[PDB]
Amino acid sequence: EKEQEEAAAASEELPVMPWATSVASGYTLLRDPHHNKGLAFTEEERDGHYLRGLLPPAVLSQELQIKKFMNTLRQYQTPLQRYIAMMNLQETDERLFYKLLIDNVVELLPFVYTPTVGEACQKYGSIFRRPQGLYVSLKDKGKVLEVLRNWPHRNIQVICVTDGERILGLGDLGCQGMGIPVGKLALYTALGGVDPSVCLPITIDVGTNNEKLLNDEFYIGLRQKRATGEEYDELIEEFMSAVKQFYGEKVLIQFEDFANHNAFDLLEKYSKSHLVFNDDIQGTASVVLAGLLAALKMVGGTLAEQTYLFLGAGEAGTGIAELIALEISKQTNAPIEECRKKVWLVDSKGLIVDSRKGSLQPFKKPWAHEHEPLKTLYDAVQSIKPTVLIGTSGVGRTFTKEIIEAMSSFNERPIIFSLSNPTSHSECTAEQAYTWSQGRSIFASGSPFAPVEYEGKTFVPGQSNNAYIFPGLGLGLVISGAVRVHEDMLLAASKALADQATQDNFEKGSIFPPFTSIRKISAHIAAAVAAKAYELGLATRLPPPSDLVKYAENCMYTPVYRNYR
Amino acid sequence: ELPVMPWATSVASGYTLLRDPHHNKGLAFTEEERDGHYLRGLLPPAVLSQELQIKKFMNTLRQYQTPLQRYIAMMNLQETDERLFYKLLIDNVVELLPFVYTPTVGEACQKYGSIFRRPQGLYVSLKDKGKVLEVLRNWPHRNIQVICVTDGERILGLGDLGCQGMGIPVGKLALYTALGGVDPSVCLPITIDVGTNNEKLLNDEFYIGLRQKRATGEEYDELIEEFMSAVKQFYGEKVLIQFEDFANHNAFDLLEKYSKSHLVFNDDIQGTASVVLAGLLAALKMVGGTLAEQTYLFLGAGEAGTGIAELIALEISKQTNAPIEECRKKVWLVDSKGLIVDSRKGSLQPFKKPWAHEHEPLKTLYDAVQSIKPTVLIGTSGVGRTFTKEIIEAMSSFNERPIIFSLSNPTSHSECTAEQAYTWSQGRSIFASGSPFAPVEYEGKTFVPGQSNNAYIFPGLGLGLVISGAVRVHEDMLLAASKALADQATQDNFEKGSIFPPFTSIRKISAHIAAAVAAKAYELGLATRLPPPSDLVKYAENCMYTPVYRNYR
Amino acid sequence: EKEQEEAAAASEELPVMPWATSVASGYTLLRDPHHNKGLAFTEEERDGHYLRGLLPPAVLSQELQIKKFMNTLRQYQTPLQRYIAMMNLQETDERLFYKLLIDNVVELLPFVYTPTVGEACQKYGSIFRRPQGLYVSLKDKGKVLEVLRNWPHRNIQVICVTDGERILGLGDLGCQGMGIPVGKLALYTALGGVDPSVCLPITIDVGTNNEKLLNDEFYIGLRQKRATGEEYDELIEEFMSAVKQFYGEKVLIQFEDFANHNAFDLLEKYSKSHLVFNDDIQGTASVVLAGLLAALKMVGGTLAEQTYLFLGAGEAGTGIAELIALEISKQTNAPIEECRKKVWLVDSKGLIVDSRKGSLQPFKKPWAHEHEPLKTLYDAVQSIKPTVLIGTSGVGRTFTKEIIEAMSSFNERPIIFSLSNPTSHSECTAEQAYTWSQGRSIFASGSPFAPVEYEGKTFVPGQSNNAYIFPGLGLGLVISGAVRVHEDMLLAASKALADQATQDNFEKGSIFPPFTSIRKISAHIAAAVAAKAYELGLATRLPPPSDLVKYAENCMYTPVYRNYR
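Residues numbered from 1 in each chain as written, not as in the entry; some residues may be left out. Chains lettered and ligands numbered in written order. Part of a larger assembly, values for the part shown. Heavy atoms only, no water.

**Considerations on the UniProt feature "active site" (unreviewed entry) in chain A**
Residue and element names in this part refer to chain A. The UniProt record annotates "active site" (unreviewed entry) at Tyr113 and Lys184. These annotated residues cover 72 residues of sequence, and their C-alpha atoms all fall within 7.8 Å of one another, placing them together at a single site. Among the structural elements, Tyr113 can be located in the loop between helix 6 (105–112) and helix 7 (116–122). Within the secondary structure layout, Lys184 lies in helix 9 (residues 179–190). Other than its neighbours up to four places away in sequence, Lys184 contacts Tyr113, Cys160, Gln254, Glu256, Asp279, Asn466 and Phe470. (UniProt positions renumbered as here; feature names shortened; annotations may be inferred. Helix = DSSP H or I, 4+ residues; strand = E, 2+ residues; numbered from the N terminus. Contact = heavy atoms within 4.5 Å.)

Below you can see the structure in the form of structure tokens.
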């Protein structure tokens, strides 16, 4: 049952690569990112491994290395140039890359992650390219396993995969979506402590509809429009087959930036066979719920009493909403469609209403309450009189002065969540939200914003981005050996994050603690998601450790240089 | 009894192939090559040409704000895809040369320690003495033909950059490939670290060298003669050893002591002398006359100073049949103390006495320019803006077309700019300089000043010594080269005011210099590739590295 | 001219393999024959290269290694078992293999070379196979260069190639012919001093007519009868093209054991374009002529005055004959057909006579003198009354008591040369020749025979095998950079060998000095073949060295262990 090795003795016609292992020295060692210490190679290590001469005489510490890279990183003018310098270092000295990124996480995160990582994806083809991650194309059908075999690590625990269809709020970037999986997985290591070597960034190229990229001569993908239905599905179910055969069932498959229709069928179909998780639906839902709980500690109240208005009824829209209604059902013991009575979503066509359900998309019907057709978010804000406004539209500056002022007029402390990324697609800025609400809004957003000054006070807006959740939640599914993801684990995580939000960060108007604590946060989220995994009896690392927090911290990758023969 | 390294050879595929600069083609790997070498998946589906690769790198190179940032991006590419790096450098040589070579390469050396470093070249320290050969053994190419070596004492006109001198040898050797067609694999950039006197670098916490002041006499000498021993045992005698940026004192003893035992060449003394003489011959086609008739004034009596002068006097001796001591009558050098005159021989340096003619002490270059009344003003001072308006105006007043050569590098140490020389001479000067200057406009006419930099000479001269198997460097080969370059200078480049053809032709130039230096090697009977080929130019062109992508499936 | 690098800068769409170079240590080093020293790895070398533990504590010398292998070689009791143990060592420790073979050359030569190497070829498919040499099949056509590219040494100086059609006197062993090229090239190193790494054993598989091997389930070749004419030719000319492109023109191509018709067209059409040499035609001719000159020092006389009878008018038959007639023409200044008048060959159909030439094979017509048709060698021996009887028949025991007695009756010291191999196909034994001639014959043979006793005296029959010639002749063509073979170099060699034959070896009845001198012999043959190359102006290593013998000895591979760091 929990060691069903009947499926693992189909290892006869499994394609395999005959790997050889050899001691690394000279240029082989220096060109190996996993080991390469650059000038930090001690005198003794250089004599030992035929480096003497290939390096200058000077031996640097890792700390001096960080100071030196930081100095040259700050002299690049555009953010994209600092992204290029960061990806280059990741792929030359992996230990210096991670030790630097952790020690400088607040300064560097906007460059490796949102918002820079968005530009990187738009211009991926034209950017100086050391290869990272694995690309499975439509032309790898029949031979997806052959492609997996090429990856030179067998022990994969975390996969992060996109088909590039909805990269942040920028839409279809086809095969250039790879920036995201590579980003997420770097964070899995820096924020969560997952070892880099067990992380596998994948992109599924099925084409792109982006006309700019079809006609751009530097596009790295198939010059064809996306395959649909039949043709798409077979690649996916062969991919899902192949992952299973190669890596087993305990391998986490984190879906990133798929379209609505797809992102749901993948969570539906593969929930039973695989350990599947969707950062857009489940991960965002998780961090938002934690933000709400953290908000209601500053202002007071429960989730039950609040009224919720969403711009954008996609993945994150319905996904966040469903996790809120569920948390209410656990707190209230009500039937679920009494918990969503006070949750309203507005899409492209306006407020989701029952009168409109005679031609609605299926995953929206549960939010089609009874109300007059409303055309704009402004009309809904004024009619519904919500306590909480969450934006998942992918459209910038849709939280207008009229809308934040309207929200500041009936709420005394309105909860405004501007979730879309990158910064240019933020529904509002931190400056707009604090100004148009006379310093009275509880504000958080997807992309980072500098502190805002208003009537002699400083507001540090919190970052409501799933990067606070998935590093801890992933580590948890792994260190417990969870075989399935349960809605109850998303809640366990949300709890854990919210319970790290103290007065230190509330003082400054931030629903979350600073990223300078993300190692502590990830351990507590991991311990909780593991505890829930055991309770639900979906864990396979039996017996559970006594102290799930201290265990989670002991499983965590550290990028300090260890010494070689 | 020989220390020896057990090298093992293996077929490269997957990440081993991609991480190997020598072979890595990035997206230019064809579909067939990817299936063949376990790349399928590790690269995105799209296959680029090398040409699209060039266009792409060029586009992102121009978005960097500083020259130093484009130098870092160039050195990164050299060390990830060597064939793309060289095919790019060739196709874009005029645009890119100032970034990989003078003047950028100077800043790169000043800030070498603080710059993002993929390792290139070999460092032999004072702590490798006794074991220098052991260090050589670590280089993973056995067939070395061209070595380029500095001890960092005088990097361009920037002085002592100690161990951070490595930027220069790495630069020269890239040019040996790009300009000359030498294969990269046979080129070995070396730096000898013996310390540095630069107090800023001793106290800088990113300095990559020994934190000590330079070893002198005894201790220095031992390392060098052990280096020179070790190179010869490992690579043989036909290996070219190009010395770069040593001090006067040393750069001479190295050419003196190792002329017999080794094939030694000094870019500062011999290489610069060579390109200057070629510039003079090219100048005298625009303006008219012979070397004999001209009068020469130098600022700076160092390596390049006396070196250029001696090669000029020699070319005069071969054209007039006069004794050498008679061909120096027309050639005057001005140092720190003023005009070199015989009157002060009661405490003179020895290698200056041959230029100590008959005259009573003059104090400043301005005094000398006015008294000596020269035809040709050459600056090898290492000091910027020492060719003043008064000096260029003085020179423009008595000559109708005065020859001004501003040789010092980088641009910041140029004795004058191209703009100053053409303005202060009313458009009448024949100007060339060490570091590149953009075209200069003067009443609706465009002046393209030539680049009198040894990069026009050493790529051809090196290729020549190699393809002929020359075992020694002969003063007559410097002349053979000078002639060959000068005889490439047509009216197309003279029209625009340039003594040299554009770098867009450096492949033609290097082949003709190689054929000449080889021909002279055979004639003097120092060549060992016998018999000489019938057509030494077509042979030289066929021996030339091409960086077009080599085919794997 | 000479340096035509025009064809070397037309290597742009040449297939190439991307080789990577890396420092060898641990199991990579031990499994590498070129470097592997086994227990002879010094303490310092083991610490240095991560061997400590993988070897027992004991450090052996190379000498102790030799004593140890020799001891275990003598417990194998078939010769074939000692051939297998020898090939295994060649392919695990190359330096121990060569240092052993040289120091023990007389004892070991019959096991790695004739006659053992013959059995090895007959049973090649069924023998335990460590892989050796390169096989180019009919199904590698279009892609022969691709096959060459796979060999992991670029700098090839000596190729040795067979199509397996006439392996020794055993006939067609198809693809199992490889034993020969591998044998020859080991000797090129042990006897001649050529570095192993510049030597490339090749077999061209075009099928086989051996019905035994077509139906044998362990045959390693194509299960088809030999391709003829058009199909054969294209593979060869593509092979000869491909060798040229990859290795250049200075590469020696030694043909081994082809049939007459082929062996000749290959020397004819590729004499201009390539440096081609045929061990059967030219190499055997060379050592035989040296034997004759050595014989005429024991007994007295000139080549001119002798009368020659050959059994077997093939490659070696006509080839030996033509080299004899040529040496006569250079000594007498006579027209060539006056030099052939006293040379008679007997084939399958009997004595070659002009009355039979109305349907003769082409390369036999020059030996078709005027005489009455004779059916058997015995009839010819008795009619022609020859002074020299040479057997190249491939048929054992055809030099009968009647024939040796007949020869002993009209000559006082008859020269009998039993050239065929292996021992089982020898035209007579050393025992038979000395007994049936009352101790009066000058005898030599292709395969080794122990000393023979007769009337209280010891006869040490010499070995007239091309292994005395091709090691020196090859080294010569290489160290001079010869671009052509000229008949005059075969003679230069023959002279050089003959002039090494002293009274020390003549005392015991041997035309050649023992193989314990083959280092000295090869250097003197090399210096002579080089001198002739320069004289004929076909050498490209100009100027010639002062002392061609001491230069040849300094170019010679030594298998003493190198010390590693």
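From this point, the narrative continues.
**Some points on the interface of chain B and chain C**
Listed per partner, the contact involves 35 residues of chain B and 30 residues of chain C. For the interface between chain B and chain C, the tally reads two salt bridges. Here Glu6 of chain C and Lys538 of chain B are joined by a salt bridge, their closest N and O atoms 2.7 Å apart. For the interface between chain B and chain C, the tally reads twelve residue pairs in polar contact. (Salt bridge = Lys/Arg side-chain N within 4 Å of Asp/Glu carboxyl O. Polar contact = N/O pair within 3.5 Å; in protein donor to acceptor, adjacent residues only side chain to side chain.)

**Regarding the pattern of salt bridges**
In this structure the tally under the stated criterion is 59 salt bridges over all chains. The shortest N-O distance in the salt bridge between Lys357 of chain A and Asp354 of chain A comes to 3.2 Å. Across the pair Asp499 of chain C and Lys297 of chain C runs a salt bridge, and its minimum N-O distance is 3.4 Å. Of this pair, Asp499 of chain C sits in the loop between helix 20 (487–498) and helix 21 (503–507) while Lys297 of chain C sits in helix 13 (residues 279–299); the two residues are 202 residues apart in sequence, bridging distant segments of the chain. Each of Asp163, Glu165, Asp172 and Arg226 of chain A takes part in a single network of salt bridges with overlapping partners.

**Things to note about the sheet that holds strand 4 (residues 199–205) of chain C**
All names here are of chain C. Strand order in this open sheet of five strands is 2-4-3-5-6, and the pairing throughout is parallel. Here the strands that pair on one side only, and so sit at the sheet edges, are strand 2 (134–137) and strand 6 (275–278). Sheet twist, expressed as the mean angle between neighbouring strand axes with direction ignored, is 25 degrees. Pairing of strand 3 (residues 158–162) with strand 5 (residues 252–255), which is carried by four bridges, proceeds in the parallel orientation. Its bridge partner being in strand 5, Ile159 is matched across the sheet by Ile253. Lying over the sheet, helix 13 contacts strand 5 and strand 6, oriented at roughly 70 degrees with respect to strand 6. (Pairing = 2+ DSSP bridges. Axes fitted to C-alpha atoms, helices over the stretch in contact; angles between N-to-C directions.)

**Observations concerning the interface of chain A and chain B**
Tallying the contact residues gives 57 residues for chain A and 59 residues for chain B. Summing both partners gives a buried area of about 5100 Å² for chain A against chain B, and 59% of it is carried by carbon and sulfur. When the buried area of chain A at its contact with chain B is split by residue, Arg31, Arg52 and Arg129 of chain A rank highest and sum to 14% of it. Counting every contact that joins chain A to chain B gives four salt bridges. With its nearest N and O atoms 2.7 Å apart, the salt bridge here joins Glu217 of chain A to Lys55 of chain B. Sorting the residues of the side of chain A that touches chain B by element identifies helix 1 (26–30), helix 3 (62–73), helix 4 (79–90) and strand 1 (134–137) of chain A as the ones contributing at least two each. (Buried area = accessible area lost by both parts, 1.4 Å probe.)

**Focus on the environment of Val144 of chain C**
Relative to the assigned elements, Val144 of chain C resides in helix 8 (residues 144–149). Not counting residues up to four positions away in its chain, the partners in contact with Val144 of chain C are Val136, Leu235, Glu238, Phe239 and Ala242 of chain C.

**Concerning unusual backbone geometry**
In this structure, the amide linkage connecting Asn409 of chain B to the following residue, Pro410 of chain B, adopts the cis form with an omega of 0 degrees. Checked against the element boundaries, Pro410 of chain B lands in the loop between strand 12 (403–406) and helix 18 (418–423). Residue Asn421 of chain C is joined to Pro422 of chain C through a cis peptide bond whose omega torsion reads -5 degrees. Its place among the elements puts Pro422 of chain C in the loop between strand 11 (415–418) and helix 18 (430–435). At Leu168 of chain A, a residue that is not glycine, the phi angle is positive and equals roughly 45 degrees. By the element assignment, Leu168 of chain A lies in the loop between strand 2 (158–162) and helix 9. The exposure class of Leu168 of chain A is partly exposed, given its relative accessible area of 25%. (Buried < 20%, exposed > 50% of the residue type's maximum accessible area, 1.4 Å probe, protein only.)

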